[PDB]
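No value in this document is a laboratory result; all are computed from the given coordinates. Ideal geometry is used to build each Cβ from the backbone, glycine not excepted, and the neighbour counts take in all protein chains shown.
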Amino acid sequence: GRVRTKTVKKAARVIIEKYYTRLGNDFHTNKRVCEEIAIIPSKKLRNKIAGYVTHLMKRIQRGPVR
Amino acid sequence: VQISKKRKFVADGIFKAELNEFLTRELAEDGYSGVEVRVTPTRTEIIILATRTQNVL
Amino acid sequence: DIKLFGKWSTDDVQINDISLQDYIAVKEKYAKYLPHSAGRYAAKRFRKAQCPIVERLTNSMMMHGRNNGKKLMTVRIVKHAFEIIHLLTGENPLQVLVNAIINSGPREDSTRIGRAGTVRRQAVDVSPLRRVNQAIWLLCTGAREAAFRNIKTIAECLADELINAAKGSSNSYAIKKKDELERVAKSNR
Amino acid sequence: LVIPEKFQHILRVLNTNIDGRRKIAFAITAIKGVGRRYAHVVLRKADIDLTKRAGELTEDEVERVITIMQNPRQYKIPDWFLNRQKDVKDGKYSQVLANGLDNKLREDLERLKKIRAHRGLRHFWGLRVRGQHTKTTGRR
Amino acid sequence: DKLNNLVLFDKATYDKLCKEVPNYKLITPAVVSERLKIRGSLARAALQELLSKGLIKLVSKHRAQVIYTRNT
Amino acid sequence: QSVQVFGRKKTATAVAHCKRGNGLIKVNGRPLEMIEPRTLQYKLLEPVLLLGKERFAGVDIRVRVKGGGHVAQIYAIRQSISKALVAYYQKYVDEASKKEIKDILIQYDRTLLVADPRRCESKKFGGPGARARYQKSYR
Amino acid sequence: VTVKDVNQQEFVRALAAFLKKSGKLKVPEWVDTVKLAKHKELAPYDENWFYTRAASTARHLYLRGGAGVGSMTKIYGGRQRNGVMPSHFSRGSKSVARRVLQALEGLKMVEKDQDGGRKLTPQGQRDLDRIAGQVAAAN
Amino acid sequence: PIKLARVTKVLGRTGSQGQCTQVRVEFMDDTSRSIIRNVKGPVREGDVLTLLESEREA
Amino acid sequence: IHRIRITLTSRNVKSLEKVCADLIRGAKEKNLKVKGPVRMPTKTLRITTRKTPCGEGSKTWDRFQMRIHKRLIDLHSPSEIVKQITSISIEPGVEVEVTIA
RNA sequence: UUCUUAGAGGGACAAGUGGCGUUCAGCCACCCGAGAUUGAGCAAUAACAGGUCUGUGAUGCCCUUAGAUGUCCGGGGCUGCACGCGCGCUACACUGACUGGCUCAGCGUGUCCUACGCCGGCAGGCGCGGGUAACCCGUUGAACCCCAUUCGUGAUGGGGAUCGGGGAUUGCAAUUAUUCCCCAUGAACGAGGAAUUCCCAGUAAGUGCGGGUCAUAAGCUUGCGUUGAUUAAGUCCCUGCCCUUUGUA
């Protein structure tokens, strides 16, 4: 199994509420903008954040995320 | 005759290590922090980083 | 068309029981020239079901310490065995193999519920895969064991074993062991 | 293949009982002082067909095999094959057969035990004489 | 038990081979040596000699297993 | 006029050079039928029997094999031949013909086009192999 | 037709038969007695082994050039079984390899290289390629 | 009376070392006939068992 | 002026890549014929020793690696220019060896 | 620059689709893919009266300190065998031995690694070259394996222990035989009782090769390829582990 750690969660959240208008549904666009947005330590970490940002950006349209 | 790259890089390692051990046992009292060795075929320089240089001179 | 060792057809072969009809691979879309595939069929669960039954036989053939990774020789043992089979009985060896595995598979086994030392067993049903597994295992152990210290070779011993097993002869080691396992299940119930 | 007319079932050579059933090259290994190597070269040097079974050899052939086995030096068998190369006493090259090898062994053992050499004492006590550990292993 | 197999053919076994072998479902050095109480070498030689005459067919030749059969 | 591709199994590598000609098939200057592990001869004949000789008619392939072991080389060369043909029937023929080849090759065995990625696993201290450990004696 | 085009097993037997028929191959005095390595237990069974070894040596030297006594000793090496000790790779006899190469030099089939090794002569290449011709013709 | 039975759902895994598995089987001779049985070895949906004794329970 | 070659050998990759790149772009801007970095097989020195001084434990082993990265850059330039381009480029943690013919 | 070396940068995130999930964290299946869990290293708080003063010029006390417990030189011992245990290696054969032929590695080491030529059956002896190493050994012609030959269920051409002779290499020195070679000798062992170890895929196991010891040198360990499986996708029954309730003299 694979659970997203507090690090990627916290990072992903603050990215959403700062640059909601910049992000969309596509993973690769979010992956590319996450490079420009944040100084991030490694590619894997950026991929995981980009992925969970994609996941949140799906359910934001469904309803208001807490 | 010249030694292999492998033995040469090892030899430089032991040189560094032994020099450090000597410098520690000598300049422990004057707070010897560390050493930096730069090597040039003209002349190789050894740079000592210590707390109170006025004393080690 | 595709034929095993380029000389045995896979269309004239026929399955008897529906239970094992999707757990014995040898058919149109699983037709291979040689047993030797070197596939990833033991990677996850229910993948070896899709392994050709001839490959399962030759894989379970290279068992004891001295022949652990000696596949290239089990393939020629199975090749010779298939030729011996065809010479003795006349018809397609793949049918004889399938008939042997159909007969040899135990239908009701016994499971251990209790303590160690004492014997107390509950009689339970056997899954179609486990039936195929034990059938192949029993056939190979019968072949192996029968020809260990006597003159007849592994090839004709495996053939003799599959001839006996396919027509349900009491002489087959696999039939004796199946009979005994079902008799022990019958003793418990 | 063909039926043998006079198959000599048991051969009586060098006070030994040779079984004709086994193939000649390995048949004569039953003689002490003759192995699977020396037997081969002896037969090849006498130019006998090794394929033949020991039972179907003629009188002259087995008599040639005996006489070439006794005196190898005459029939150009090399020096480095001989069982006895430099004999302690007379210092000559010879191949010693069953009775001879037993006699030579007990004589060599007696010679070592006479002078009180370590090997002799280790032999007389019934121990190992090649300097193995005799603690953990070599029981009875 | 001890198996005292015959190194060379006797007349009672040799005539039995030339008549009866020639027609078995499967031909090999093993079964012939077992059935007729023959040695492994002589039984292996016998099949080669029968192939030279041309009574028996060679199905497949190999180091380990040489398989022979009756014709027609 | 020509293409050149590699087939790989474990540490074995077989590079096939595919040009136009009279259906010539050579590996290290030797025909397929004269390859040493003859028991698996059919494994080399797999790609040519599956597609049919008619597709090989206007193609000469020259395979060179290095590294690995015998059977690994057999899987490298038999992979290389098929990859070479589909590469050639991609570059100098319609994509439709390449698809018509690819689907048949994949449908039979995926190994012919896609390389088996697994390698010999690294050995650790405390045992003879990568997983197995030495016998642990209590008293 | 070339050596590479034919079966390499039958080729050696054919070339050995040719080397026997020539009847001008200097066999040593110790062919009947000597083994063929450190690790063989018995002498070779076949009486005409020198001709088969000579044939093999010529074929090896045809396939690649610049092969010395050491290389030929490395070719005919095998597994030394050391009784209770485990088995290790042992090399061939140097003398047999040297006498074979000396004997083949005698036929003017092989000559010494300026680089240091031994290469097959055009006379040799002719003979070897001819033998391949009739070995191919016999199917 | 040796009769066959389809497997619709795997209920759970039972036995002292979880060596067995409990399954509900629908018979072949009758369409709507469900019974609970314990079976050795790996099973999934669709697998058909050959029940020798068809009266016993799990 | 004929065939001077320059052998750059180091344990660090970054410093070696940086210094060699500087030598190349330094040579390129002067309009000199340069044959690019020939990367040889990386030499890995392995030492595997017991962790413990005494020898009582579960028989654990250390695995000490030492990496040696070697680059060759080749020039068809005069010795006077080669001397100054080799002189200017110095870095602690790279060894440079220059050879002519 | 496809293959080879190796720098930079791409690539995989449960991302896409369908179920199940207080439609949350997430789980199972499937498409596209080289890959949908590669193998390690590093590893907290708090403790063992754990082992090491025989690693140290790390070290406190104490014991000896000139017929020494210092240091060196000759020997001998560490290996001494009615017995009991612990890692292992070779086997008990015919899926196998033996003889010949054919054809493939990878890690990594060489101021001692070795090509080539000559003489000796062999261990090895001479002569002359290359390499401080992607340069020479080396295209590292490795073994199982593959294809022929002989053997035939016989303690047998399985097995090679123990013993007798010789012939070489180290070294100042080889006996209590350092290794190495040749001929001869031919023991137990026919798959092992109670018991008990290790292991889930390039894994187990078979099989060789290199490193460390190394003047001489692997039945050891530490690595590397090569051939390559059966069974499982579960459970807390045994042996232990983590959290939560209780009970305790």
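For residues that are more than 14 Å from chain H (Cβ to nearest Cβ) and farther than 15 Å from residue C:143 by Cβ, tally how many sit in the stretch C:89-110.
So the answer is 8.
I want to confirm something. Restricting to the stretch G:35-46 and keeping residues that are in contact with a helix residue (DSSP H, G or I) (Cβ under 8 Å, 6 or more places away or on another chain) and over 17 Å from residue G:77 (Cβ atoms), which single residue is nearest to RNA strand J (Cβ to nearest atom)? Steps first, answer last, please.
The first filter runs over the stretch G:35-46 and keeps only residues in contact with a helix residue (DSSP H, G or I) (Cβ under 8 Å, 6 or more places away or on another chain), leaving G:36, G:42-43, G:46.
Still in the list and also over 17 Å from residue G:77 (Cβ atoms): G:42-43, G:46.
Working: G:42: 4, G:43: 7, G:46: 6 Å.
Top of the filtered list is G:42.
Would you point out which residue out of C:101, C:136, C:77, C:85 is assigned to a helix (DSSP H, G or I), more than 13 Å from RNA strand J (Cβ to nearest atom) and within 15 Å of the chain's Cα centre (by Cα)? Talk me through it step by step, then tell me what you get.
Values: C:101 fails: more than 13 Å from RNA strand J (Cβ to nearest atom); C:136 fails: more than 13 Å from RNA strand J (Cβ to nearest atom); C:77 fails: more than 13 Å from RNA strand J (Cβ to nearest atom).
Criteria check complete, one pass: C:85.
Out of all the residues in the stretch F:9-30, which are within 14 Å of another protein chain (Cβ to nearest Cβ) and either away from RNA strand J (no atom under 16 Å from the Cβ) or on the phi < 0 side of the Ramachandran plot (or both)? If you could, list the steps in order and put the result at the bottom.
Residues of the stretch F:9-30 within 14 Å of another protein chain (Cβ to nearest Cβ): F:9-10, F:12, F:24-30.
Hits for the stretch F:9-30 are F:9, F:12, F:24, F:25, F:26, F:27, F:30.
Take the residues in the stretch D:73-95 that are touching a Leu at 6+ places or on another chain (Cβ under 9 Å) and in contact (Cβ under 8 Å) with a residue 24 or more places away in the chain; name whichever of them is surrounded by the fewest Cβ atoms within 10 Å (Cβ to Cβ).
D:83
Does residue F:50 satisfy the condition of being among the hydrophobic types (A, V, I, L, M, F, W, C), under 18 Å from residue F:103 (Cα atoms) and surrounded by fewer than 24 Cβ atoms within 10 Å (Cβ to Cβ)? Explain how you work it out, then say what you get.
Details: among the hydrophobic types (A, V, I, L, M, F, W, C): yes; under 18 Å from residue F:103 (Cα atoms): yes; surrounded by fewer than 24 Cβ atoms within 10 Å (Cβ to Cβ): yes.
Taking the combined requirement at face value, the residue satisfies it.
Where the second residue is within 6 Å of RNA strand J (Cβ to nearest atom) and not charged (D, E, K, R) and the first is farther than 30 Å from residue G:111 by Cα and lies in the stretch G:80-99, which pairs have Cβ atoms under 6 Å and are six or more apart or on separate chains?
Partner pairs satisfying both residue conditions: G:80/G:88; G:81/G:87.
Restricting the stretch G:5-34 to residues that are without any contact (Cβ under 8 Å) to a residue 12 or more places away in the chain and either basic (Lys, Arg) or within 8 Å of RNA strand J (Cβ to nearest atom) (or both), which is nearest to residue F:41 (Cα to Cα)?
For the stretch G:5-34, the residue satisfying everything is G:9.
What number of residues in the stretch H:5-19 are closer than 13 Å to residue C:124 by Cα and surrounded by 15 or more Cβ atoms within 10 Å (Cβ to Cβ)?
Residues meeting the conditions: 2.
Filter the stretch B:17-57 down to the residues that are basic (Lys, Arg) and free of Cβ contacts under 8 Å to residues at least 12 places away in the same chain, then identify the one that is farthest from residue I:94 (Cα to Cα). Even if it seems obvious, please write down each step before you answer.
Step one: of the stretch B:17-57, the residues basic (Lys, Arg) are B:25, B:38, B:43, B:52.
Filter once more, so that each one left must be free of Cβ contacts under 8 Å to residues at least 12 places away in the same chain: B:25, B:38, B:43.
Details: B:25: 29, B:38: 10, B:43: 16 Å.
The selected residue is B:25.
All but one of (1) of a type in the set (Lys, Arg); (2) more than 7 Å from RNA strand J (Cβ to nearest atom); (3) over 17 Å from residue D:71 (Cα atoms) hold for residue D:128; which doesn't?
(2)
Would you pick out the residues in the stretch C:105-133 that are in contact (Cβ under 8 Å) with a residue 40 or more places away in the chain and either near RNA strand J (Cβ under 9 Å from one of its atoms) or part of a loop (DSSP other than H, G, I, E, B) (or both)?
C:105, C:106, C:107, C:129, C:132 - these are the residues of the stretch C:105-133 that are in contact (Cβ under 8 Å) with a residue 40 or more places away in the chain and either near RNA strand J (Cβ under 9 Å from one of its atoms) or part of a loop (DSSP other than H, G, I, E, B) (or both).
Take the residues in the stretch F:119-132 that are among the basic types (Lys, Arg) and surrounded by 10 or more Cβ atoms within 10 Å (Cβ to Cβ), then tell me which one is farthest from the other protein chains (Cβ to nearest Cβ).
Initially, the stretch F:119-132 is screened for residues among the basic types (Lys, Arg), giving F:119, F:123-124, F:131.
This time we only want the ones that are surrounded by 10 or more Cβ atoms within 10 Å (Cβ to Cβ), so: F:123-124.
Values: F:123: 12, F:124: 9 Å.
Step by step, filter the stretch F:119-132, then rank; the result is F:123.
Counting just the residues of the stretch G:58-74 that are part of a helix (DSSP H, G or I), more than 6 Å from RNA strand J (Cβ to nearest atom) and in contact with a strand residue (DSSP E or B) (Cβ under 9 Å, 6 or more places away or on another chain), which one comes out farthest from residue G:123 (Cα to Cα)?
G:73
Take the residues of the stretch F:35-57 that are within 8 Å of RNA strand J (Cβ to nearest atom) and part of a helix (DSSP H, G or I): which is nearest to the other protein chains (Cβ to nearest Cβ)?
Among residues in the stretch F:35-57 that are within 8 Å of RNA strand J (Cβ to nearest atom) and part of a helix (DSSP H, G or I), the one nearest to the other protein chains (Cβ to nearest Cβ) is F:39.
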